[PDB]
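Below is one structure, written out as structure tokens; the observations come after it.
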2 protein chains.
Amino acid sequence: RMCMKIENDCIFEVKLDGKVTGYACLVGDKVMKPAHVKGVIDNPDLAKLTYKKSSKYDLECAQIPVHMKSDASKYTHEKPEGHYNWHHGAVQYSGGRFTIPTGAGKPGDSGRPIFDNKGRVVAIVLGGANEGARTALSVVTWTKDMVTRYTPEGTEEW
Amino acid sequence: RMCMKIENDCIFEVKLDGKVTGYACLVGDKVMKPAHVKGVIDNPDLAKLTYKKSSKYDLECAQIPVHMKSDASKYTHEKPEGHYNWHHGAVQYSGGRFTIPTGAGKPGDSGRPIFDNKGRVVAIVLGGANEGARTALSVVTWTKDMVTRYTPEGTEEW
């Protein structure tokens, strides 16, 4: 249940005219906001910044102010074969694919991070493709220098 | 007895004019159907696909639809020296050869996978050569990039 409290400081909410479409999460020094989400961050300090624009990668980030780093979450690049954590349940990792049981995700609810055992962020959910009882997850994934967006076929953004 | 239920979901029936001729398994993201088997997969969704043709390797595979991977059995490349599991009994692995006691296989009954201890697929049986009390197996075997067909001498296709 530590992952939930860790999500509290990191998560931010972006809404279109107040209809929340997605979430923005502080990781290291970047506010992880998906590009498809149209709307306004609630905290002004993150709203008065200039944001990078990326479509092929589907991300938007801006340098968080010096007061927001202590409030952020530490990141990690360990993707060992096994089990991670999520807000609505658990993410099963096998063969480079994040998968969730169908019924745990409605439209919206994008921007929530994925956490490993001891709290280090590993992923930022963008959408997912329905796959039997075990639906997959389009997601932003990262290494030492590279960030990679893995979008399963027939993906619907939620 | 877990291997049997794992066979249940993954294995599909190939039927020729009222006689099942083969078992086609959704291992990984494809249907493992042997090339020698003439006939029709029972589930239409796998029948309305385009299938690749291979003779030297004796296989036929096609991309299973996005609803079939949650039903697909798991794969692995661990071939440690020891004992694995089978539908009709057990497979003894030694010196790169799968061997079964004679009397466990009649003609037909090709396409059944071979499972390790905890359910991960390791092989797809094609035939076998009678060898004393300990008959061998001609099987589809695979590594990181390569698939290898090991057919013992004097092998019949059953």
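In the structure tokens, chains take letters A, B, ... by order of appearance, with residues numbered from 1 within each chain and ligands from 1 in the order shown.
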
Query raised in the report: For chain B against chain A, which residues fall within 7 Å using only C-alpha atoms, given as a list in words?
Result: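 Applying the cut-off to the listed atoms yields residues 66, 67, 68 and 70 of chain B.
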
Go ahead and save the residues from that selection, with N, CA and C atoms, as a compact mmCIF listing (two decimals), in the first residue's frame.
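What ended up in out.txt:
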# COMPACT_ATOMS: atom_id res chain seq x y z
N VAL B 66 -6.26 -11.25 -31.87
CA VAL B 66 -6.05 -10.56 -30.56
C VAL B 66 -6.91 -11.16 -29.45
N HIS B 67 -7.86 -12.04 -29.77
CA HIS B 67 -8.62 -12.69 -28.67
C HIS B 67 -7.99 -14.04 -28.29
N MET B 68 -7.04 -14.55 -29.08
CA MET B 68 -6.49 -15.91 -28.82
C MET B 68 -5.21 -15.93 -27.98
N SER B 70 -4.63 -14.57 -24.94
CA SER B 70 -4.98 -14.87 -23.56
C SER B 70 -5.28 -16.36 -23.41

Same-sequence superposition of chain B onto chain A, all C-alpha, as a PDB file with C-alpha atoms, in the first residue's frame:
ATOM      1  CA  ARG B   1      -0.100   0.081  -0.058  1.00  0.00           C
ATOM      2  CA  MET B   2       2.987   2.300  -0.152  1.00  0.00           C
ATOM      3  CA  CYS B   3       2.665   2.694  -3.931  1.00  0.00           C
ATOM      4  CA  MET B   4      -0.648   4.513  -3.399  1.00  0.00           C
ATOM      5  CA  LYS B   5       0.815   7.229  -1.099  1.00  0.00           C
ATOM      6  CA  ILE B   6       3.747   7.521  -3.530  1.00  0.00           C
ATOM      7  CA  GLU B   7       1.160   8.090  -6.277  1.00  0.00           C
ATOM      8  CA  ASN B   8      -0.473  10.734  -4.042  1.00  0.00           C
ATOM      9  CA  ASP B   9       2.494  13.123  -3.852  1.00  0.00           C
ATOM     10  CA  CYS B  10       3.775  12.554  -7.439  1.00  0.00           C
ATOM     11  CA  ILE B  11       0.484  12.404  -9.419  1.00  0.00           C
ATOM     12  CA  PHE B  12      -1.125  15.755 -10.345  1.00  0.00           C
ATOM     13  CA  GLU B  13      -4.508  16.204 -12.031  1.00  0.00           C
ATOM     14  CA  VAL B  14      -5.028  17.350 -15.626  1.00  0.00           C
ATOM     15  CA  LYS B  15      -8.545  18.804 -15.797  1.00  0.00           C
ATOM     16  CA  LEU B  16     -10.415  19.792 -18.991  1.00  0.00           C
ATOM     17  CA  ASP B  17     -13.505  21.926 -18.304  1.00  0.00           C
ATOM     18  CA  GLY B  18     -14.371  20.044 -15.132  1.00  0.00           C
ATOM     19  CA  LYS B  19     -13.336  16.610 -16.311  1.00  0.00           C
ATOM     20  CA  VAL B  20      -9.938  15.210 -15.275  1.00  0.00           C
ATOM     21  CA  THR B  21      -8.458  13.910 -18.554  1.00  0.00           C
ATOM     22  CA  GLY B  22      -5.038  12.791 -17.347  1.00  0.00           C
ATOM     23  CA  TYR B  23      -2.606  12.314 -14.479  1.00  0.00           C
ATOM     24  CA  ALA B  24       0.708  14.197 -14.762  1.00  0.00           C
ATOM     25  CA  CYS B  25       3.531  12.778 -12.604  1.00  0.00           C
ATOM     26  CA  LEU B  26       6.689  14.653 -11.518  1.00  0.00           C
ATOM     27  CA  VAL B  27       8.815  11.503 -12.169  1.00  0.00           C
ATOM     28  CA  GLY B  28      12.518  12.427 -12.010  1.00  0.00           C
ATOM     29  CA  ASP B  29      12.872  16.221 -12.566  1.00  0.00           C
ATOM     30  CA  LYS B  30       9.997  16.617 -15.114  1.00  0.00           C
ATOM     31  CA  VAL B  31       6.168  16.242 -15.369  1.00  0.00           C
ATOM     32  CA  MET B  32       5.164  13.057 -17.308  1.00  0.00           C
ATOM     33  CA  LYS B  33       2.022  14.263 -19.145  1.00  0.00           C
ATOM     34  CA  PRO B  34       0.748  12.269 -22.228  1.00  0.00           C
ATOM     35  CA  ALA B  35       0.436  14.329 -25.384  1.00  0.00           C
ATOM     36  CA  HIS B  36      -3.077  13.135 -26.242  1.00  0.00           C
ATOM     37  CA  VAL B  37      -4.474  14.593 -22.977  1.00  0.00           C
ATOM     38  CA  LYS B  38      -6.033  18.010 -23.655  1.00  0.00           C
ATOM     39  CA  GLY B  39      -6.402  20.223 -20.607  1.00  0.00           C
ATOM     40  CA  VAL B  40      -4.925  22.196 -17.731  1.00  0.00           C
ATOM     41  CA  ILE B  41      -2.729  21.015 -14.810  1.00  0.00           C
ATOM     42  CA  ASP B  42      -4.451  22.000 -11.553  1.00  0.00           C
ATOM     43  CA  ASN B  43      -1.385  23.389  -9.756  1.00  0.00           C
ATOM     44  CA  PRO B  44      -0.470  26.703 -11.440  1.00  0.00           C
ATOM     45  CA  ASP B  45       3.285  26.271 -10.900  1.00  0.00           C
ATOM     46  CA  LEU B  46       3.259  23.439 -13.441  1.00  0.00           C
ATOM     47  CA  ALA B  47       0.844  25.301 -15.723  1.00  0.00           C
ATOM     48  CA  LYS B  48       3.010  28.443 -16.121  1.00  0.00           C
ATOM     49  CA  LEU B  49       5.873  26.403 -17.636  1.00  0.00           C
ATOM     50  CA  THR B  50       6.773  25.819 -21.274  1.00  0.00           C
ATOM     51  CA  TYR B  51       6.020  22.262 -22.394  1.00  0.00           C
ATOM     52  CA  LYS B  52       7.810  20.388 -25.217  1.00  0.00           C
ATOM     53  CA  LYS B  53       5.622  18.715 -27.905  1.00  0.00           C
ATOM     54  CA  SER B  54       6.093  15.087 -29.102  1.00  0.00           C
ATOM     55  CA  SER B  55       3.649  13.036 -31.186  1.00  0.00           C
ATOM     56  CA  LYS B  56       5.498   9.834 -32.254  1.00  0.00           C
ATOM     57  CA  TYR B  57       6.483   9.351 -28.600  1.00  0.00           C
ATOM     58  CA  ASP B  58       3.216  10.775 -27.168  1.00  0.00           C
ATOM     59  CA  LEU B  59       4.663  12.693 -24.217  1.00  0.00           C
ATOM     60  CA  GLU B  60       4.854  16.209 -22.801  1.00  0.00           C
ATOM     61  CA  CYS B  61       7.383  17.259 -20.178  1.00  0.00           C
ATOM     62  CA  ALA B  62       8.661  20.449 -18.579  1.00  0.00           C
ATOM     63  CA  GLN B  63      11.229  21.164 -15.882  1.00  0.00           C
ATOM     64  CA  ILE B  64       9.486  21.111 -12.496  1.00  0.00           C
ATOM     65  CA  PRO B  65      10.378  24.005 -10.154  1.00  0.00           C
ATOM     66  CA  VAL B  66      12.985  23.653  -7.366  1.00  0.00           C
ATOM     67  CA  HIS B  67      10.146  23.125  -4.836  1.00  0.00           C
ATOM     68  CA  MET B  68       8.647  20.102  -6.714  1.00  0.00           C
ATOM     69  CA  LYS B  69      11.564  17.566  -6.737  1.00  0.00           C
ATOM     70  CA  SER B  70      11.209  16.822  -3.007  1.00  0.00           C
ATOM     71  CA  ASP B  71       7.631  15.922  -4.030  1.00  0.00           C
ATOM     72  CA  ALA B  72       8.766  13.964  -7.158  1.00  0.00           C
ATOM     73  CA  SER B  73       8.479  10.113  -7.182  1.00  0.00           C
ATOM     74  CA  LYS B  74      11.615   7.952  -7.801  1.00  0.00           C
ATOM     75  CA  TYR B  75      12.535   6.246 -11.154  1.00  0.00           C
ATOM     76  CA  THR B  76      14.397   3.041 -12.071  1.00  0.00           C
ATOM     77  CA  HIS B  77      15.328   0.876 -15.086  1.00  0.00           C
ATOM     78  CA  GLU B  78      15.001  -2.626 -13.588  1.00  0.00           C
ATOM     79  CA  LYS B  79      12.467  -4.579 -15.696  1.00  0.00           C
ATOM     80  CA  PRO B  80      13.061  -8.082 -14.327  1.00  0.00           C
ATOM     81  CA  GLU B  81      10.631 -10.799 -15.255  1.00  0.00           C
ATOM     82  CA  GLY B  82       7.765 -10.786 -12.787  1.00  0.00           C
ATOM     83  CA  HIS B  83       5.141  -8.725 -10.983  1.00  0.00           C
ATOM     84  CA  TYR B  84       4.728  -4.974 -10.504  1.00  0.00           C
ATOM     85  CA  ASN B  85       2.115  -2.710  -8.950  1.00  0.00           C
ATOM     86  CA  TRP B  86      -0.610  -0.385 -10.223  1.00  0.00           C
ATOM     87  CA  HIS B  87      -3.289   1.961  -8.898  1.00  0.00           C
ATOM     88  CA  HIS B  88      -6.227  -0.217 -10.007  1.00  0.00           C
ATOM     89  CA  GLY B  89      -4.503  -3.579  -9.446  1.00  0.00           C
ATOM     90  CA  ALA B  90      -1.378  -5.358 -10.673  1.00  0.00           C
ATOM     91  CA  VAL B  91       0.667  -5.368 -13.900  1.00  0.00           C
ATOM     92  CA  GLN B  92       2.024  -8.715 -15.166  1.00  0.00           C
ATOM     93  CA  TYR B  93       5.338  -8.370 -16.994  1.00  0.00           C
ATOM     94  CA  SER B  94       6.335 -11.071 -19.469  1.00  0.00           C
ATOM     95  CA  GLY B  95       7.870 -10.808 -22.927  1.00  0.00           C
ATOM     96  CA  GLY B  96       8.260  -7.038 -22.782  1.00  0.00           C
ATOM     97  CA  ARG B  97       4.509  -6.450 -22.398  1.00  0.00           C
ATOM     98  CA  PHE B  98       2.453  -4.940 -19.571  1.00  0.00           C
ATOM     99  CA  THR B  99      -0.876  -6.746 -19.188  1.00  0.00           C
ATOM    100  CA  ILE B 100      -3.903  -6.076 -16.887  1.00  0.00           C
ATOM    101  CA  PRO B 101      -7.175  -8.091 -16.368  1.00  0.00           C
ATOM    102  CA  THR B 102      -9.989  -6.628 -18.585  1.00  0.00           C
ATOM    103  CA  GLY B 103     -12.405  -4.502 -16.527  1.00  0.00           C
ATOM    104  CA  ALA B 104      -9.749  -2.614 -14.567  1.00  0.00           C
ATOM    105  CA  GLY B 105      -9.589   0.269 -17.073  1.00  0.00           C
ATOM    106  CA  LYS B 106     -12.214   2.641 -18.446  1.00  0.00           C
ATOM    107  CA  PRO B 107     -11.463   5.501 -20.864  1.00  0.00           C
ATOM    108  CA  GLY B 108      -9.568   8.332 -19.259  1.00  0.00           C
ATOM    109  CA  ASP B 109      -7.355   7.321 -16.353  1.00  0.00           C
ATOM    110  CA  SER B 110      -4.184   7.786 -18.415  1.00  0.00           C
ATOM    111  CA  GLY B 111      -0.954   9.057 -16.892  1.00  0.00           C
ATOM    112  CA  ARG B 112      -0.923   6.827 -13.808  1.00  0.00           C
ATOM    113  CA  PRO B 113       2.630   5.350 -13.256  1.00  0.00           C
ATOM    114  CA  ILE B 114       3.584   1.721 -12.728  1.00  0.00           C
ATOM    115  CA  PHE B 115       5.568   0.890  -9.598  1.00  0.00           C
ATOM    116  CA  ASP B 116       7.863  -1.982  -8.685  1.00  0.00           C
ATOM    117  CA  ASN B 117       8.057  -3.626  -5.254  1.00  0.00           C
ATOM    118  CA  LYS B 118       9.789  -0.824  -3.333  1.00  0.00           C
ATOM    119  CA  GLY B 119       8.335   2.281  -4.975  1.00  0.00           C
ATOM    120  CA  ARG B 120      10.593   3.103  -7.930  1.00  0.00           C
ATOM    121  CA  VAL B 121       8.646   4.215 -11.033  1.00  0.00           C
ATOM    122  CA  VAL B 122       9.039   1.982 -14.092  1.00  0.00           C
ATOM    123  CA  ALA B 123       6.329   3.020 -16.563  1.00  0.00           C
ATOM    124  CA  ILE B 124       3.687   5.575 -17.569  1.00  0.00           C
ATOM    125  CA  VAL B 125       0.465   4.120 -18.987  1.00  0.00           C
ATOM    126  CA  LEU B 126      -0.956   5.654 -22.172  1.00  0.00           C
ATOM    127  CA  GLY B 127      -3.589   3.164 -23.331  1.00  0.00           C
ATOM    128  CA  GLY B 128      -4.117  -0.520 -23.954  1.00  0.00           C
ATOM    129  CA  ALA B 129      -5.444  -3.193 -26.279  1.00  0.00           C
ATOM    130  CA  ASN B 130      -8.158  -5.608 -25.149  1.00  0.00           C
ATOM    131  CA  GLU B 131      -6.678  -9.158 -25.176  1.00  0.00           C
ATOM    132  CA  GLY B 132      -9.019 -11.903 -23.878  1.00  0.00           C
ATOM    133  CA  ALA B 133      -9.069 -11.866 -20.096  1.00  0.00           C
ATOM    134  CA  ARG B 134      -5.585 -10.321 -20.053  1.00  0.00           C
ATOM    135  CA  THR B 135      -5.602  -6.906 -21.718  1.00  0.00           C
ATOM    136  CA  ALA B 136      -2.280  -5.370 -22.720  1.00  0.00           C
ATOM    137  CA  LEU B 137      -0.847  -1.898 -22.124  1.00  0.00           C
ATOM    138  CA  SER B 138       0.674   0.704 -24.466  1.00  0.00           C
ATOM    139  CA  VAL B 139       3.330   2.321 -22.231  1.00  0.00           C
ATOM    140  CA  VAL B 140       6.303   4.767 -22.150  1.00  0.00           C
ATOM    141  CA  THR B 141       9.407   2.643 -21.429  1.00  0.00           C
ATOM    142  CA  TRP B 142      12.962   3.880 -20.836  1.00  0.00           C
ATOM    143  CA  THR B 143      16.623   2.722 -20.596  1.00  0.00           C
ATOM    144  CA  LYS B 144      19.971   4.511 -19.918  1.00  0.00           C
ATOM    145  CA  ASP B 145      19.568   6.963 -22.829  1.00  0.00           C
ATOM    146  CA  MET B 146      16.516   5.849 -24.750  1.00  0.00           C
ATOM    147  CA  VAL B 147      12.781   6.064 -24.251  1.00  0.00           C
ATOM    148  CA  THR B 148      10.655   3.537 -26.171  1.00  0.00           C
ATOM    149  CA  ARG B 149       6.858   3.550 -26.737  1.00  0.00           C
ATOM    150  CA  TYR B 150       5.501   0.031 -27.138  1.00  0.00           C
ATOM    151  CA  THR B 151       1.946   0.097 -28.492  1.00  0.00           C
ATOM    152  CA  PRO B 152       0.241  -3.360 -28.995  1.00  0.00           C
ATOM    153  CA  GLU B 153      -1.889  -3.962 -32.160  1.00  0.00           C
ATOM    154  CA  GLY B 154      -5.550  -2.774 -32.182  1.00  0.00           C
ATOM    155  CA  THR B 155      -4.805  -0.448 -29.228  1.00  0.00           C
ATOM    156  CA  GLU B 156      -7.367   2.052 -27.931  1.00  0.00           C
ATOM    157  CA  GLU B 157      -6.224   5.177 -26.034  1.00  0.00           C
ATOM    158  CA  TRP B 158      -7.859   5.207 -22.569  1.00  0.00           C
TER     159      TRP B 158
END

Query - strand (DSSP E) per DSSP on the backbone: members of chain B, as a PyMOL selection string - result: chain B and resi 11-16+19-25+40-41+82-85+90-94+97-101+113-115+121-127+134-136+138-142+147-150

Query raised in the report: Taking the backbone alone, and naming residues the way the document does, which bits of chain B are helix (DSSP H, G or I) by DSSP, as a list in words?
Result: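 Selection result, helix (DSSP H, G or I) within chain B: residues 2, 3, 4, 5, 6, 7, 8, 9, 10, 44, 45, 46 and 47 of chain B.
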
Generate the output file for the selected residues, C-alpha atoms, as a short mmCIF file (atom, residue, chain, number, x, y, z; two decimals), in the first residue's frame.
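Final output, out-v9.cif:
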data_model
loop_
_atom_site.label_atom_id
_atom_site.label_comp_id
_atom_site.auth_asym_id
_atom_site.auth_seq_id
_atom_site.Cartn_x
_atom_site.Cartn_y
_atom_site.Cartn_z
CA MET B 2 -1.70 -28.91 -14.68
CA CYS B 3 -0.10 -29.68 -18.05
CA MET B 4 -3.36 -31.32 -19.16
CA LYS B 5 -5.54 -28.21 -18.51
CA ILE B 6 -2.82 -26.11 -20.17
CA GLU B 7 -3.12 -28.45 -23.17
CA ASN B 8 -6.91 -27.94 -23.05
CA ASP B 9 -6.92 -24.18 -23.70
CA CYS B 10 -3.93 -24.12 -26.12
CA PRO B 44 -13.18 -20.72 -37.83
CA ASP B 45 -11.13 -17.77 -36.52
CA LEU B 46 -7.97 -19.81 -37.07
CA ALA B 47 -9.25 -21.22 -40.37
#
